[PDB]
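Undergrad: sequence, then structure. It's an experimental one.
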Protein chains: 6
Amino acid sequence: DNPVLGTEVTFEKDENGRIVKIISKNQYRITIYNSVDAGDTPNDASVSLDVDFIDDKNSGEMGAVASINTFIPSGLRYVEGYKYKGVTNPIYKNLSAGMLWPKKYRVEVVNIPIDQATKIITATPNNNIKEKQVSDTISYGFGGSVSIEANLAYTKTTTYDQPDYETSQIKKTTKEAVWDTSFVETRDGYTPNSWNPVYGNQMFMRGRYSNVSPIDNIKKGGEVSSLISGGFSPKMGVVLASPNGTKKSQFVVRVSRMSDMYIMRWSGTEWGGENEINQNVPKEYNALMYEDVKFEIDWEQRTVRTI
Amino acid sequence: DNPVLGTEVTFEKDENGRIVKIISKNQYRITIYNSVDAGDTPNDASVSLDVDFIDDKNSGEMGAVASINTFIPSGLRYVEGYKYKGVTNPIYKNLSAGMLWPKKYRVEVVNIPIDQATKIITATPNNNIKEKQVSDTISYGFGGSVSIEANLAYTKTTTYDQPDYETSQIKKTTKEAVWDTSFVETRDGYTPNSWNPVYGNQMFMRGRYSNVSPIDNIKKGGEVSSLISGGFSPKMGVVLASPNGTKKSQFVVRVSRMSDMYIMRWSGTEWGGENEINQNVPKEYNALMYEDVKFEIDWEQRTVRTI
Amino acid sequence: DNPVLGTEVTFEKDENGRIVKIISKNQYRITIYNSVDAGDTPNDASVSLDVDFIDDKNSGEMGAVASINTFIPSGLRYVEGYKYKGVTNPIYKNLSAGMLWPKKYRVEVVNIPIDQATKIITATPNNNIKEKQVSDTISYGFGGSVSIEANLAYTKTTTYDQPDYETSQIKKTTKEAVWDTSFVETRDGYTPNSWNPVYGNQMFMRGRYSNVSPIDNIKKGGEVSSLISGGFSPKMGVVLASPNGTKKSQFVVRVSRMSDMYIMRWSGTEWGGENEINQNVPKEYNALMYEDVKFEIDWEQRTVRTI
Amino acid sequence: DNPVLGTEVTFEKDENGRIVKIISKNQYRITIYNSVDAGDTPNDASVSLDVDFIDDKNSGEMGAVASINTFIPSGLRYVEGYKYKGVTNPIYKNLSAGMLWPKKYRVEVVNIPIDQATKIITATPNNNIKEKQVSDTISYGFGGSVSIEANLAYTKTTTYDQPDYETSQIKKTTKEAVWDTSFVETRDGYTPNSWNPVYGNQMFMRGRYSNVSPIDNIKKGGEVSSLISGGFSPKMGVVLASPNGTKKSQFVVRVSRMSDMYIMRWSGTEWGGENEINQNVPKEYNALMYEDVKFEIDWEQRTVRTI
Amino acid sequence: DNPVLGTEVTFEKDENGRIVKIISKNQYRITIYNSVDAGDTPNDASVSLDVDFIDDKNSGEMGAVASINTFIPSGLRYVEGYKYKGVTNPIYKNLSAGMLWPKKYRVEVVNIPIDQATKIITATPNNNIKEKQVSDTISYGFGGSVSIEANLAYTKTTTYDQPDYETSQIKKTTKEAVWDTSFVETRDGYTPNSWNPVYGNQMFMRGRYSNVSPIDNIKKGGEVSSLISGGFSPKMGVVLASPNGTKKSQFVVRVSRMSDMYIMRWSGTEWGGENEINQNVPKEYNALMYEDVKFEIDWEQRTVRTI
Amino acid sequence: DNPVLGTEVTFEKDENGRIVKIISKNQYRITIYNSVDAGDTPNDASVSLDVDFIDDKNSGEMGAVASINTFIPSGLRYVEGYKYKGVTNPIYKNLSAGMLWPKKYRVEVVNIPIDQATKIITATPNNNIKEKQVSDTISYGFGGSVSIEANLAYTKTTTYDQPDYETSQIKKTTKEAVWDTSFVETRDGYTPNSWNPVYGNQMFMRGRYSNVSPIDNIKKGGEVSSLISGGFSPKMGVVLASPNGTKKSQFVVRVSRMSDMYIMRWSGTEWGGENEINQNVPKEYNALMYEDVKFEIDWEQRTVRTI
């Protein structure tokens, strides 16, 4: 609720003349002072900060609602002949192919006070208690035949919504907020730790027996999560409260993408998949991107500038 | 919220007379300046840009919300006798027919600064964590007969919404936003990578054993996706933030469609289908459309003009 | 409802001149004075207090709606070789691994009067009577054969929503409110009190027979509750009513988490899970966090300051 | 609907001067005068009364809408070695354990007229006709075999919502209103009156054959009702109508909880549960809590003060 | 819709002075004059009448919307040893127990004209045509065996909502409106007219073979309808239209409560339930409550007073 | 939409004095002039007419929206010993009992012009095209055995809403509108024309073999339709249009109920039900109730008066 409160009326007059202009100004309790900026990164991960400063006369401290819109590209890379045998990586042989895919996204927003003790009040993406629907059923039954048959059955149905990527706020202090976004499972039900005795890992095994190129047997496009074919677009909101005399603050948004290597090999008879975790991928493929965009927030000028 | 804020009252007076006109003007925080233009392409792919400039007194930089309404025609082309044997292409023999269809659409919007560092803040079509519904049921059971029968069943039901085309935002920087929209699978559940060892690919087989013309046996009209019979109509939105003294900017919307060739052959006994990918289609059919519409955004005049 | 009520108009006049300014002020019954502060803790558990003081002309006692936004980190800790045999804790052997996870969250808010008898009126998170859906079916049946078969079945289906964590308000007085948030069960249906005679506790058994590291066999990320991988974010609201002459009050938000140790051991043939309760975990791992954030609420200055 | 009705404008003038202030006051039909107080009890059962006096010019009697928010703690107590044999209660033996739990909550609100005949008009928590869904299915069936099969089946599905606790308004007069809230059944379907020939009462029997402490075999936390692990928080509303000349009234909110003792005993082979009703529990455990909070309602001063 | 219509502005002036006060009054078409009163009865059945007089300038007759909020206690009475054999009534023997329960509620509102022909226009609780959902399925089927099996099934499913109590308006004239609310059935499907050849009527038979006291075998609390454990709370509305010169009217709300006696007897082996109807219950138990609350509605002073 | 249009300002002045009162009147396009009356009948069937005259300056004719609220009592009558044999009706023998119940309700509203051609424009209760839900399912099936199983099944599900009483507007002219409300079937599915070879008609046959009085074997209360236990309360609306010079009109609401006699006889072994249609019921029981209430509508005075 933002009532009109009062009105102040002033008069601009002519030289030794009557009133030639009437200026009315309505005084509102809440004033929205909006600024917005954006910044790219070497690996094309964009961060845009939109800060609305809340000039509130009925407040003891300055406040700012900041919306962070981030795009972290998935970096879905395809490499020919990746580890067909051992650690050998020839581009000639095409019996195996590797796909670098972003297993878990990381987002850090850091508040760096400069002149006054600016504090992070709340972060909009918060962990919620996810609930399931449980249906427990008892059934009895008797028969006549003509001997007598008795049946007793238990059933328990558990229904829940399973997202492809789970976003969890792993840290939230007055100076920094850190969110994780972990891959849970595919729409088929396969997980990064899944393993078949003969078929390996089948997260993105397009065909069980396909006479196609190893990349052509890797799911891509609409068959995978939109955060794997495209990128991660987390909408975030941080409420900053700072003393009344604040001049400048710093806001560092750190984006980190850790990618694993889905290896699609062709054995003598059957296809196979192996998930090589981030810490095992060779450094030549840059499986861990850790980049940052820095903004300066001028509370007096009420501006956001990519510094 | 856009309150009235203040009012300014001026008086137009007659020659040595009283007040003959009173002009009141309410001063609003938000002013919307709407402009819209459109542009065609050689293959009739239209791009319309509707930019609302947000004149904000409570802002440190100019902003513009631009809605892109695009029509990229499917280019659904029918070719007689397409590759009945090898790479031979007679128009005479009608035992086979080719259908050029748009597997993947690609739309790029490019921000080209001229006078000031105009930046792309947010692109409305964003990748979302699409979730499925999982129901797990465990059922026990006992019997009486009259010996004793025991039953145990595990059930896992996964329910999800699968669109015909999946739109994924593959790039988003301060200067360029790229969306891709790829074909996922047909209404019945065939995919471009599907293969029947005796029937081939059945994405668009109207009849399994049909004594009709090869084109007459290819699904068309309402039996295929509206993006195949008609065209792609992506609604897009980009928020541009530029310094206060900005004069002129450029906005290039690039439309790209990659079309594959559904080859529908008639064998000795059965019908057959083969999906020839975009890079294998001969250049004479123009399987890859890559064209652009350029707009000039006058931030001072608050206009959009197709250049 | 907050109507305009009346208006007071005053005139600012020049020195021996006419009215050069008209100041109108609308007198509202309800006035909101918003203050907000935040405070961290040694183990990065943040507490933010947002107090809206309700200046009510139609009230005999001052009121304040205080929203507490808390982040209590899960403290999900991984320890190598945790109690492979007895109480021996080598970091060398990796046949077992312990995971410290927060079973029970505890949040206390304490109202400490200083000058006047400030009282807690209500606390927004309240215990609610959760209802289940019961469906009872009685089925008869007759047969013809050709002797005569008779069937009679009774079925009772119970459906309810089961949250991963149950939040219960265990105490609510005029001076302090205490909430618990206890782990109920995982999505798969295992509880800390569950026990398989051959497999132990399987709350976080990623694989029954997996040739992986013990940590890799412990469920983490999106496979567990967001309050286990990330942290607890309880949104809370307390209504404080105090006499008209109140100057200062104190508000102590106490956050406590009790963490248990899920032990994943590797036996000769099968994995095994054992949940060591909080009171049995050695003190070296800090299984019980109990920390506080103190705020001073100035009812005259209408501010909240972390003290 | 609360229209503005009229407005009264008065002028504050200077000493032998023009109008220096204009005071406008809008006269509304409905005026809300809000007061709120709270009071604790020796067993920490808080009662908060929030009375909104309705100054209505179009009325012949004063009215007050009072919202009562009470917290009655469950008093969930655990006692070692409760009645292992006979009435012997040693703390040494831990083959049995008793749980004092709140079967039934009782809330009385008493209106005590002092100066005028203050009357209770209505009480918001009212008994509602609970409806179920009945589905009657009649099915015929014939068979062909090749003799002739005849089948006839009747099914009756009864679906309803069963709360854990049922709140019933057992009394409502002009001077006092009494609500009861009795335990109906557990989420599993067990009731205080349930009895197995060998397994006893299984309302809170966590494990059927568990080698754990008797308390560890008693359901607690999220496995029980929130009114058992935490407390009862009933939101209540009473409309009071009193003559125009009323000065002071009294409002006594009486909170009562009756607790049973769920006894978990360990027999030679199996666990056992016994529900000892309130009148049988020894007085040393205080199975019946009966407290009251008194408020004085000043209709002239329009205040509520805990007396 | 209640528009502002016109405004009347009057000026209160000082003695030989300028205007010292301006009184504006908006004249609305519809004015609501609210009065409310309440009255108890010897058997603690409260009736509260809240009459809103609608002063309508655009009307030829006075109108009043009266809301009746009633509480008729269930009178759930337990009698020891009620008619174990014949009509003998010992309090000593406890092989049987009687429960007086409110089968049927009756509510009369009587309009008694005094000065003018006051009439009842509409009564809010009206009989509605309740609809059921009927699904008819016809199923054919053929078999292959390898002789040929043919199946034909007809199924009819009828789904409807069955309340525990059905409220029917049996009378509605210009001077008297009578509603009846009769018991239909319990949640388990038992009716007062139900009868088992050996088990009797099982409306409130808690245990089929239970070694408990007869009262302990009678369903009570949340296991029965809220109108049986608690009381009936009918919300009612009557529209009264009377000539313009009406001064006083009378409104008699008559509450009637018909109770039956449910008998739980203990035979040699099995329990037994018998419902003794209202007209057979001895007069000493007061099975038919018939009480009234009289109100005087002063249309001139626009008040309601219990007379 | 009813905009304020203009405002009309006049001044009441004192004798040789300044302006003492300012009269403002806002001129609205739509003016609602409300009148309401009601009338009873010898058999207590009440009819209430609530006419809102629409004084619309932007209209060429007077209009009136009339809401008719009628209560037609069911007349559910119980007669002892009705037609046990032949046409003999002794009150002594109680082997049979008859119940007079309202099968079909009739409502006529008649427009009788007096001075001008008053016309009925529309009647709110109108016949709607009732739609059902049809589900057609084909199922194929093949088996492996190990001979070969072939299955083919048709299913057709028809789902619809069946109310107890069907209301139909059987006539609608400019001078009279006639609605019918006929009984369709009970919740059990029995029809007035339903007939069993041995059990007769079972619409209200409470017990198949019940050793009770014949009335006690007849369904009553909540087991029957609310229009049978209580009465019919149809909400109706008629739009009347009249010339600008219309002075007085007449509105006659005729209410008619046709009652049948459900006879419950006790044969040697089984109960039996017979539905005696309205034209066969003896005239002594008044099976056809047909009354009328007349109202005079004064368009100048804009009043409704029962004549």
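TA: It's in. Residues are numbered from 1 along each chain as shown, chains lettered A, B, ... in the order given.
Undergrad: count the neighbours of residue A:64 for me.
TA: Burial measure for residue A:64: 24 neighbouring residues, criterion other C-beta atoms under 10 Å in any protein chain shown. Bear in mind the C-beta positions are built from the backbone N, C-alpha and C, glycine included.
Undergrad: so how far is the helix or strand residue A:305 falls within off the chain centroid?
TA: Per DSSP states H and E: residue A:305 is located in strand A:303-306. Counting by C-alpha atoms, centre = their mean, to the nearest Å, strand A:303-306 is centred 23 Å from the centre of its parent chain.
Undergrad: go on, stretch A:219-229?
TA: Its chain's C-alpha centre and that of stretch A:219-229 lie 16 Å apart, by C-alpha atoms, centre = their mean.
Undergrad: pull the residues that contact it.
TA: Residues outside stretch A:219-229 that contact it (C-beta atoms under 8 Å, 6 or more residues apart in numbering or on different chains): A:74, A:76, A:101-102, A:105, A:164-165, A:181, A:183, A:186, A:203-206, B:104, B:127-130, B:163, B:165-166, B:168-170, B:180, B:182-185, B:191.
Undergrad: buried sites along that stretch?
TA: A:219-229 (16 or more other C-beta atoms under 10 Å in any protein chain shown).
Undergrad: now the strands for the stretch 101-250 of chain A?
TA: A:119-123, A:131-143, A:150-163, A:165-172, A:176-183, A:231-232, A:235-242, A:248-266 (DSSP state E, counting those that start in this stretch).
Undergrad: the fourth one packs against which elements?
TA: In other words, strand A:165-172. strand A:119-123, strand A:176-183, strand C:62-73, helix C:226-229, strand C:231-232 (3 or more C-beta pairs under 8 Å, 6 or more residues apart in numbering or on different chains; DSSP states H and E).
Undergrad: and it, which strands flank it?
TA: strand A:176-183 (antiparallel) (DSSP bridges).
Undergrad: contacting residues around the strand it pairs with?
TA: A:103-111, A:120, A:123, A:125, A:164-172, A:192, A:225, A:227, A:232, A:234, A:236, A:238, C:221-222, C:229-230.
Undergrad: could you tell me the angle between it and strand C:62-73?
TA: 50 degrees (axes from the mean of the first three to the mean of the last three C-alpha atoms, to 10 degrees).
Undergrad: could I get strand A:176-183 in CSV with only the CA atoms?
TA: C-alpha atoms of strand A:176-183 as CSV (Å, rounded to 0.1, in the frame of the first residue of the first chain):
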residue,chain,number,x,y,z
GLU,A,176,27.3,-13.5,0.6
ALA,A,177,24.7,-15.9,-0.7
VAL,A,178,25.6,-19.2,-2.5
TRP,A,179,23.2,-21.4,-4.5
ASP,A,180,23.8,-24.8,-6.0
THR,A,181,21.9,-26.4,-8.9
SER,A,182,22.5,-30.1,-9.1
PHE,A,183,21.5,-32.5,-11.8
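Undergrad: returning to that earlier point: ranking the strands of the stretch 101-250 of chain A by burial, who's on top?
TA: strand A:231-232 (a mean of 27; mean count of other C-beta atoms under 10 Å in any protein chain shown).
Undergrad: hmm, who's touching that one?
TA: Strand A:231-232 is contacted from outside by A:70-74, A:102, A:105, A:165, A:181, A:257, B:127, B:169-172, using C-beta under 8 Å, 6+ apart.
Undergrad: what residues does the stretch 101-250 of chain A put near chain D?
TA: Proximity of the stretch 101-250 of chain A to chain D, by C-beta under 8 Å from any C-beta of the partner chain, involves residues residue A:136.
Undergrad: quick check: the residue of the stretch 101-250 of chain A nearest chain E.
TA: residue A:140 (14.9 Å; C-beta to the nearest C-beta).
Undergrad: contacts only, for that residue.
TA: For residue A:140, counting by C-beta under 8 Å, 6+ apart, the contacting residues are A:150-152, C:153-155.
Undergrad: state the pair within those that is farthest apart.
TA: Distances among the contacts of residue A:140 were taken as C-beta to C-beta; the most separated pair is A:150 and C:155, at 14.5 Å.
Undergrad: residue B:174 is in contact with residue A:40, correct?
TA: Yes - contact criterion C-beta atoms under 8 Å: residue A:40 and residue B:174 qualify, at 5.0 Å.
Undergrad: who's more crowded, those two?
TA: Each of residue A:40 and residue B:174 has its neighbours counted (other C-beta under 10 Å); residue B:174 has more, 23 against 20.
Undergrad: for that one, which non-adjacent residue is closest in space?
TA: Excluding the flanking residues, the one nearest residue B:174 by C-beta to C-beta, 6 or more residues apart in numbering or on different chains is residue B:119, at 4.1 Å.
Undergrad: ok, residue A:51 next?
TA: Closest residue in space to residue A:51, ignoring its immediate chain neighbours: residue A:66 at 4.5 Å, by C-beta to C-beta, 6+ apart.
Undergrad: so that neighbour versus residue A:36, what's the distance?
TA: Remark: distance between residue A:66 and residue A:36 (C-beta to C-beta, to the nearest Å) = 10 Å.
Undergrad: between these two, which contacts overlap?
TA: Shared contacts of residue A:66 and residue A:36 (C-beta under 8 Å, 6+ apart): A:49-51.
Undergrad: out of those residues, which are inside strands?
TA: Using DSSP state E, the members of the shared contacts of residue A:66 and residue A:36 that fall within strands are A:49-51.
Undergrad: in CSV: these, plus neighbour count.
TA: Rendered in CSV, the data for these read as follows (neighbours: other C-beta atoms under 10 Å in any protein chain shown):
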residue, neighbour count
A:49, 26
A:50, 21
A:51, 25
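Undergrad: for the residue of the stretch 201-307 of chain A found nearest chain F, grab the count of nearby residues.
TA: For the stretch 201-307 of chain A, the residue positioned closest to chain F under C-beta to the nearest C-beta is residue A:208, at a distance of 21.7 Å. Counted with other C-beta under 10 Å, the neighbours of residue A:208 add up to 10.
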